[PDB]
Amino acid sequence: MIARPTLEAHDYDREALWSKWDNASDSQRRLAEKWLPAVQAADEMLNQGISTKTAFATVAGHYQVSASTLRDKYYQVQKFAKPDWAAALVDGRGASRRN
């Protein structure tokens, strides 16, 4: 769950990123909360060396979410810091612009 981890390395200011979250509506926070447990849980399934088809199908079976959607989101947050994922989930659907 979101808490208050110590701020260390800062190549880019992270407070600005969190500042937008603080201004996010309560409903938006709920959406990010819903997708944080599935992405972290999926990572654990991958380290077990389970087939991706079974790994994604099992999460989709336990979680009522589209398997294809979770797969796209998992790689998208890979380029972002692991702890800013809660803030990164405040973004709408994947950004079409890549740069």
# chains A, B, ... in the order shown; residues from 1 in each chain; ligands from 1
>>> closest_atom_pairs(of="stretch 16-67 of chain A", to="stretch 76-90 of chain A", cutoff="12 Å", atoms="only C-alpha atoms", output="Markdown table")
| residue | atom | partner | partner_atom | distance |
| --- | --- | --- | --- | --- |
| A:16 | CA | A:87 | CA | 10.6 |
| A:17 | CA | A:87 | CA | 7.1 |
| A:18 | CA | A:87 | CA | 6.4 |
| A:19 | CA | A:87 | CA | 9.5 |
| A:20 | CA | A:87 | CA | 8.4 |
| A:21 | CA | A:87 | CA | 6.1 |
| A:22 | CA | A:87 | CA | 9.4 |
| A:23 | CA | A:90 | CA | 10.6 |
| A:24 | CA | A:90 | CA | 7.6 |
| A:25 | CA | A:90 | CA | 9.7 |
| A:26 | CA | A:90 | CA | 10.8 |
| A:27 | CA | A:90 | CA | 10.1 |
| A:28 | CA | A:90 | CA | 6.3 |
| A:29 | CA | A:90 | CA | 7.0 |
| A:30 | CA | A:90 | CA | 9.4 |
| A:31 | CA | A:90 | CA | 7.6 |
| A:32 | CA | A:89 | CA | 5.0 |
| A:33 | CA | A:86 | CA | 7.2 |
| A:34 | CA | A:89 | CA | 9.7 |
| A:35 | CA | A:89 | CA | 7.7 |
| A:36 | CA | A:86 | CA | 6.6 |
| A:37 | CA | A:86 | CA | 10.1 |
| A:38 | CA | A:85 | CA | 11.9 |
| A:39 | CA | A:77 | CA | 9.0 |
| A:40 | CA | A:82 | CA | 9.5 |
| A:43 | CA | A:78 | CA | 10.6 |
>>> write_last_selection(atoms="N, CA and C atoms", output="compact mmCIF listing (two decimals), in the first residue's frame")
# COMPACT_ATOMS: atom_id res chain seq x y z
N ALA A 16 7.55 16.28 -7.92
CA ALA A 16 6.59 16.79 -8.94
C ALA A 16 5.68 15.65 -9.36
N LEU A 17 6.24 14.49 -9.56
CA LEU A 17 5.42 13.32 -9.96
C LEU A 17 4.40 13.03 -8.85
N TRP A 18 4.85 13.02 -7.61
CA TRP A 18 3.92 12.76 -6.47
C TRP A 18 2.97 13.95 -6.30
N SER A 19 3.41 15.13 -6.63
CA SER A 19 2.52 16.32 -6.49
C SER A 19 1.27 16.14 -7.35
N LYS A 20 1.43 15.60 -8.53
CA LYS A 20 0.24 15.37 -9.39
C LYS A 20 -0.66 14.34 -8.73
N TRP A 21 -0.08 13.32 -8.15
CA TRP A 21 -0.90 12.28 -7.48
C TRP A 21 -1.71 12.93 -6.35
N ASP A 22 -1.07 13.69 -5.52
CA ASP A 22 -1.81 14.34 -4.41
C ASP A 22 -3.01 15.12 -4.96
N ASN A 23 -2.88 15.67 -6.14
CA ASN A 23 -4.00 16.46 -6.73
C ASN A 23 -4.94 15.53 -7.50
N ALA A 24 -4.61 14.28 -7.57
CA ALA A 24 -5.49 13.32 -8.30
C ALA A 24 -6.79 13.13 -7.53
N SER A 25 -7.87 12.84 -8.21
CA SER A 25 -9.16 12.65 -7.51
C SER A 25 -9.12 11.34 -6.72
N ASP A 26 -9.98 11.20 -5.75
CA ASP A 26 -10.00 9.96 -4.93
C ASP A 26 -10.28 8.75 -5.82
N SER A 27 -11.14 8.88 -6.78
CA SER A 27 -11.44 7.72 -7.66
C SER A 27 -10.17 7.28 -8.38
N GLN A 28 -9.38 8.21 -8.83
CA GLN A 28 -8.14 7.83 -9.55
C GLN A 28 -7.25 7.02 -8.62
N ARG A 29 -7.18 7.40 -7.37
CA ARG A 29 -6.32 6.65 -6.43
C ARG A 29 -6.82 5.20 -6.36
N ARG A 30 -8.11 5.02 -6.35
CA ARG A 30 -8.69 3.65 -6.29
C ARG A 30 -8.23 2.82 -7.49
N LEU A 31 -8.21 3.40 -8.66
CA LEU A 31 -7.79 2.64 -9.87
C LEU A 31 -6.35 2.15 -9.68
N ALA A 32 -5.46 3.03 -9.30
CA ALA A 32 -4.04 2.62 -9.12
C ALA A 32 -3.95 1.54 -8.04
N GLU A 33 -4.69 1.69 -6.99
CA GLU A 33 -4.66 0.68 -5.90
C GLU A 33 -5.08 -0.68 -6.45
N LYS A 34 -6.06 -0.70 -7.31
CA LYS A 34 -6.55 -1.99 -7.87
C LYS A 34 -5.46 -2.69 -8.71
N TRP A 35 -4.71 -1.95 -9.49
CA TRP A 35 -3.68 -2.59 -10.38
C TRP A 35 -2.30 -2.78 -9.70
N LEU A 36 -2.07 -2.32 -8.50
CA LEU A 36 -0.70 -2.49 -7.92
C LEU A 36 -0.46 -3.94 -7.45
N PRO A 37 -1.44 -4.59 -6.87
CA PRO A 37 -1.28 -6.00 -6.38
C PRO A 37 -1.13 -7.02 -7.53
N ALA A 38 -1.74 -6.76 -8.66
CA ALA A 38 -1.64 -7.73 -9.79
C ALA A 38 -0.26 -7.62 -10.46
N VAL A 39 0.25 -6.43 -10.62
CA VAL A 39 1.59 -6.29 -11.27
C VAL A 39 2.65 -6.90 -10.34
N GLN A 40 2.61 -6.57 -9.08
CA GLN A 40 3.62 -7.13 -8.14
C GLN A 40 3.43 -8.65 -8.03
N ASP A 43 4.93 -10.47 -11.07
CA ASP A 43 6.42 -10.54 -11.06
C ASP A 43 6.84 -11.78 -10.27
>>> select_by_dssp(residues="chain A", states="helix (DSSP H, G or I)", output="number ranges by chain")
A: 14-22, 26-47, 52-62, 67-78, 85-88
>>> residues_around(residues="residue A:69", least_positions_apart="3", cutoff="12 Å", atoms="only C-alpha atoms", output="list in words")
residues 35, 38, 39, 56, 59, 60, 64, 65, 66, 72, 73, 74, 75, 76, 93 and 94 of chain A
>>> residues_around(residues="residue A:58", least_positions_apart="5", cutoff="10 Å", atoms="only C-alpha atoms", output="PDB file with C-alpha atoms, in the first residue's frame")
ATOM      1  CA  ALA A  42       2.714 -11.317 -11.578  1.00  0.00           C
ATOM      2  CA  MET A  45       4.932 -15.757 -10.677  1.00  0.00           C
ATOM      3  CA  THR A  52       3.734 -17.097 -19.232  1.00  0.00           C
ATOM      4  CA  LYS A  53       0.454 -18.546 -20.521  1.00  0.00           C
ATOM      5  CA  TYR A  63      -8.260 -11.420 -10.783  1.00  0.00           C
ATOM      6  CA  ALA A  67      -4.820 -10.838 -19.287  1.00  0.00           C
TER       7      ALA A  67
END
>>> atom_distance(atom1="atom CA of residue A:68", atom2="atom CA of residue A:2")
25.5 Å
>>> closest_residue(among="A:48, A:41, A:10, A:98", to="residue A:70", atoms="only C-alpha atoms")
A:41
>>> atom_distance(atom1="atom CA of residue A:46", atom2="atom CA of residue A:71")
11.8 Å
>>> atom_distance(atom1="atom CA of residue A:3", atom2="atom CA of residue A:44")
21.4 Å
